[PDB]
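Here you get one chain, nothing else, as structure tokens; it is the form deposited in one PDB entry.
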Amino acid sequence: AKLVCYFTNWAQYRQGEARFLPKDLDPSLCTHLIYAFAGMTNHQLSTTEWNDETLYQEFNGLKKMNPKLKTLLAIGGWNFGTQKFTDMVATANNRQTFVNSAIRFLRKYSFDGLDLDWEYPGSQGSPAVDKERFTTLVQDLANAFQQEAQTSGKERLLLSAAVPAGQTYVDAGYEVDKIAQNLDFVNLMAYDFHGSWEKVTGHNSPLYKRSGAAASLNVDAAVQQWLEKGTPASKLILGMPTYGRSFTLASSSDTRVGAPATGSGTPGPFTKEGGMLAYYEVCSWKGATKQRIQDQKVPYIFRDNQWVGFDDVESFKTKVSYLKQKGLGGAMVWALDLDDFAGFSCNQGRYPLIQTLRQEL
């Protein structure tokens, strides 16, 4: 089994004990660590934070303690947009410029592979032709990765991609069955199903549905979709979130799922973003009421006019059990910095959630 965890390079700016750098990393915790995110300058792979070169070195330097650990560099992300991916996979000469830069860049900093986080090809601004080109990109990379293998005398660079869960986004940009052949694994983002972008409370990551397309916004519907489309279960890794989606309730009385909400929930004191909250900002809510949505096997907690749907140790246990049953390749996590990484808030030791994934896997 695989335990893929996403490291975040902006987490280093969280205040006090939320601050997260490579030294807060547990080298035996995950089997694969993915660094988010790498950028793109002149069709080439580039850094995005002033200390990326320094962080990369401590990051991959962890392999000195754990030779089994595999690291990949994730390029893209939401903030990155799609525009630059389009211009890169536009021609072939440019793709070569990238593929050849990726190779030099990964090898330079001791990365074992590349995680594609294009959000999203053939959607949200990306032309319909980016669908077929994405798979070409996948192919060219897989191919160069093959050839680079002989010449270098090192293990073939790994290639994975983070992918969306909804039917809409898949069709718009993913030739599943085909990309699944060149991808060593697929990190399914099985979360962000419900959020403050909705006028009704809903859970960020429900295992099962509570009808219509609504009944497709759960882990199961996401897994099933990627499976049926040609993704071998081995290659499917189940994303798990160490964070919750928050809502401000229209009325402190009516804390039901589906209850009305005026907007995003109060930004977290450490994460500073409405709609989302790290586990260490929820795990120990003083004077709140934690409940459990039986049909979706996930919990939610409210206090006053604040409502939050998050994942706890028990939900993770259930999801791994689910994952085992579907025969999936392992579990993926977003993100290391959102779990109580230093056991400074929850009294459940270091990495309550992620260590759970490790124990059950």
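One-based numbering along the sequence shown.
According to the entry, the deposited sequence places 1 to 3 unmodelled residues between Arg210 and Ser211. Between 237 to 245 and 260 to 268, it is 260 to 268 that carries the larger average Cα temperature factor according to the deposited entry.
Higher mean CA temperature factor between 213 to 221 and 71 to 79: 213 to 221, per the PDB entry. Sorting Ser205, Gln96, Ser110, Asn187 by the CA temperature factor given in the entry leaves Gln96 at the top. If you compare the C-alpha temperature factors of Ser101, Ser160, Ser196, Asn143 in the entry, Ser196 comes out highest. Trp307: CA B factor in the highest third of modelled residues in this chain (values from the PDB entry).
Ranked against the other modelled residues of its chain, the C-alpha B-factor of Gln44 as given in the entry falls in the middle third. Among the modelled residues of its chain, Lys297 has a C-alpha B-factor that falls in the highest third according to the deposited record. Among the modelled residues of the chain, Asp254 sits in the highest third by CA temperature factor in this PDB entry. When the modelled residues of the chain are ordered by C-alpha B-factor, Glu119 sits in the highest third.
The discussion below concerns the form solved in complex with a small molecule, not included here.
The partner is not drawn, yet in the deposited complex one stretch among 136 to 144, 192 to 200, 171 to 179, 94 to 102 has residues with heavy atoms inside 4.5 Å of the small molecule: 192 to 200. Taken together, the three residues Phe111, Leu157 and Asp184 lack any non-hydrogen atom within 4.5 angstroms of the small molecule in the deposited complex. None of the heavy atoms of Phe85 is located within 4.5 Å of the small molecule in the deposited complex. Under a 4.5 angstroms non-hydrogen atom cutoff, the small molecule in the deposited complex has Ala162 among its neighbouring residues. Contact check for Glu119: a non-hydrogen atom falls within 4.5 Å of the small molecule in the deposited complex. With a 4.5 Å cutoff on heavy atoms, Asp220 does not count as touching the small molecule in the deposited complex; it lies far away. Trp334 is the sole member of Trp334, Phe316, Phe310, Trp307 with a non-hydrogen atom lying within 4.5 angstroms of the small molecule in the deposited complex.
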